[PDB]
Amino acid sequence: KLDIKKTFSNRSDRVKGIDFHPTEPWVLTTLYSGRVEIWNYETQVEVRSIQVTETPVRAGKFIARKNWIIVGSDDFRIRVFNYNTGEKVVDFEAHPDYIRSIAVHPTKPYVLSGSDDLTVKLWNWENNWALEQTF
Amino acid sequence: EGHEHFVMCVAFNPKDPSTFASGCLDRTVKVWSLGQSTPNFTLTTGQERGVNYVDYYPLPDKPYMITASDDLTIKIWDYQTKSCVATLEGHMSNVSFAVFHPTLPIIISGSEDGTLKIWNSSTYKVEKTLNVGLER
Amino acid sequence: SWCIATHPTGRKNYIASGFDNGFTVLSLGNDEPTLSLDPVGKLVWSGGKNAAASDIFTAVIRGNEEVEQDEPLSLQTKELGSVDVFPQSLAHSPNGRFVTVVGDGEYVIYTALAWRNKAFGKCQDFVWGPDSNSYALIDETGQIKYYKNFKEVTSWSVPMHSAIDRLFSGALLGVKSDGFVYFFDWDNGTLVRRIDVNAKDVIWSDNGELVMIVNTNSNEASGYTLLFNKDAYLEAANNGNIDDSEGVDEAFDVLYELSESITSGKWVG
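Protein chains in written order, with the entry's author numbering: chain A, 2 to 136; chain B, 137 to 272; chain C, 273 to 491, 494 to 543.
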């Protein structure tokens, strides 16, 4: 027996990515349309909405430690925004092909991006977001 | 040299035959110019199954390319911005080819679904679908 | 469905998934910690980070702890033992001598110190008798059973007309059902009184004279304070006059009722 309760539902374009904020009752969603949204699923109020690109955004993660969200899209770009202001922190081409997944190190300033270019790249934000390694 | 798979189609740019394009199963289209050992640029198509064909739009008012794949899609490209102008969906089986007609404002495609399709070069909507009854 | 996420720290066991037409976030269950604090400061809990869910630990709170009212205390953690089931509830006997762990249709009892197995069986709910050497539970057939010194007390019974929701420990056996709360005598299981509130929890004071009844209040009063006159009940039981549906009216008195929500509480005289 599991006590399942539907805390919140919302309709929108296809969402390819989703992530929970660690201390705020927010959830981040990256859409097939290029939109990325943030919702307070407890108050049911939309926090913010951003038109990142016209291409689909498959990956998205919070980086609370820095008040950011980092998203990866089909236009091969990784973009970072400050979720408190909606400000673009960094925007750069990470791969020559679609980005599928993004992982964030729990301790170190590292980010992993998986892509259709058959590789995984390690980025370090405490070093001007440099490509530290390609697997 | 540079392609990482079967080179399926090669074609000169009719507006500048000093360059030409190669359609490869590595999901890439490379454009080179005679005399260079490396391509001018490499365009990733996003068509998971590779490029079976590549063709240049012959007229001067637009720098377009078009690719056909086994993934069922047909994508029009602008080789200057390396962006996808449009995607033609509708074929049920591998698309063998797709070309711009030299005169008519149309695109012609053919597939193993035994179909020849004619598309509107401007609205990118399918116009006609004939099956000459000869199979793939 | 295309994507999934789970709360990075399990708050409300939240999860979320993305679809062609949108997203949904669901709660999989309450996230109350599985732990218990014995009479003098011995804390026991199951799970934690970097530890199996079925891992039991313990730490002693001492007068020491020089920290502030807004900072978490630093307690020496130690491994008390492990358990076969996925701990859902953890509870010391009123004594502090025993610790019971209920986990998916089962219960196991261990000695707080040294962790020696005392008992284990199938159960849907479990509660300690004021005794520290007796307990009641709901077996798998949905019935209440009474145990003394880890030995079932056949002949002891509390026939219920409807399904049992759960039990409550304290001065008298508390049993929720049919939207009411029934209190029974631990020794003979005789009905003492039926309370007409849809209780979420029952909390008896140290001397068993006061009891807080937390209302489910699904949208009225959030809780009810009642006084228990053990003498009025013993007298009535002696007369043979007790009503079978509601018990003894004089056994209890309604003092006050709270407005604010109650997530947990303890009595301090």
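No residue lacks a Cβ here, since even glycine has one placed at the ideal position from N, Cα and C.
What does residue 182 (chain B) touch in chain A if you count any residue whose Cβ is under 9 Å from its own? By Cβ distance, chain A contributes 75, 98, 99, 117.
Which stretch, first to last residue, makes up the alpha helix (DSSP H) that contains residue 507 (chain C)? For residue 507 (chain C), the enclosing alpha helix (DSSP H) starts and ends at 504 to 513.
Reference residue 191 (chain B), options B:178, B:197, B:213, B:239, closest by Cα: Per the Cα distances, B:213.
Is there a Cβ from chain C that is less than 8 Å from the Cβ of residue 109 (chain A)? When Cβ-Cβ separations below 8 Å define contact, residue 109 (chain A) makes no contact with chain C.
CB residue 371 (chain C) to CB residue 379 (chain C), shorter than 8 Å? Contact: no.
Does the separation of the CB atoms of residue 308 (chain C) and residue 356 (chain C) fall below 8 Å? Not in contact: residue 308 (chain C) and residue 356 (chain C) (Cβ atoms no closer than 8 Å).
With DSSP as the reference, label residue 435 (chain C) as helix, strand or coil. Three-state DSSP puts residue 435 (chain C) in coil, outside helix and strand.
Residue-level contact to chain A via CB, residue 419 (chain C), 8 Å cutoff: Chain A, which has no Cβ nearer than 8 Å to the Cβ of residue 419 (chain C), makes this no.
For chain A, find out if any of its Cβ atoms is closer than 8 Å to the Cβ of residue 345 (chain C); answer yes or no. So no, residue 345 (chain C) is outside the interface.
Proximity test, Cβ basis, 8 Å: residue 10 (chain A) and chain C: Put simply, the CB of residue 10 (chain A) is near chain C, with a gap under 8 Å to one of its CB atoms.
Closest residue to residue 387 (chain C) among C:448, C:329, C:465 (Cα-Cα distance): Shortest Cα-Cα distance from residue 387 (chain C) to any of C:448, C:329, C:465 involves C:329.
Between residue 458 (chain C) and residue 444 (chain C), how many whole angstroms is the CB-CB distance? I'm expecting something under 8 Å. Going by Cβ atoms, the distance from residue 458 (chain C) to residue 444 (chain C) rounds to 7 Å, so yes, they are a contact pair.
Roughly how many whole angstroms lie between the Cα atoms of residue 209 (chain B) and residue 319 (chain C)? Roughly 52 Å between the two C-alpha positions.
Taking the continuous beta strand (DSSP E) assigned at residue 50 (chain A), which residues delimit it? For residue 50 (chain A), the enclosing beta strand (DSSP E) begins and ends at 46 to 52.
Name the DSSP beta bridge partners of residue 399 (chain C), please? Answer is C:408, bridged to residue 399 (chain C).
Throw me the rounded Cβ distance for the residue 521 (chain C) and residue 502 (chain C) pair, which I believe falls under 8 Å. 12 Å between Cβ atoms; not a contact.
Counting only C-beta atoms, is residue 483 (chain C) closer than 8 Å to chain A at any point? Residue 483 (chain C) does not count as touching chain A.
Distance cutoff 8 Å, beta carbons only. Does residue 30 (chain A) sit that close to anything in chain C? Taking Cβ atoms only, chain C reaches closer than 8 Å to residue 30 (chain A), which makes this a yes.
Kindly say whether residue 92 (chain A), judged by its beta-carbon, lies nearer than 8 Å to any beta-carbon of chain C. Chain C contact via Cβ: absent.
With distances taken from CA atoms, which of A:44, A:92, A:24, A:15 is nearest residue 53 (chain A)? Nearest C-alpha to residue 53 (chain A): A:92.
Name, in chain order, the residues that DSSP records as bridge partners for residue 134 (chain A). Residue pairing by DSSP puts residue 134 (chain A) in a beta bridge opposite A:123.
Which residues does DSSP pair with residue 484 (chain C) in a beta bridge? Per DSSP, C:475, C:499.
Using a beta-carbon distance below 8 Å, is residue 18 (chain A) in contact with chain C? At least one CB atom of chain C sits nearer than 8 Å to the CB of residue 18 (chain A).
Using DSSP with H/G/I as helix, E/B as strand and the rest coil, what is residue 88 (chain A)? Strand at residue 88 (chain A).
Any C-beta of chain A sitting closer than 8 Å to the C-beta of residue 382 (chain C)? Residue 382 (chain C) does not count as touching chain A.
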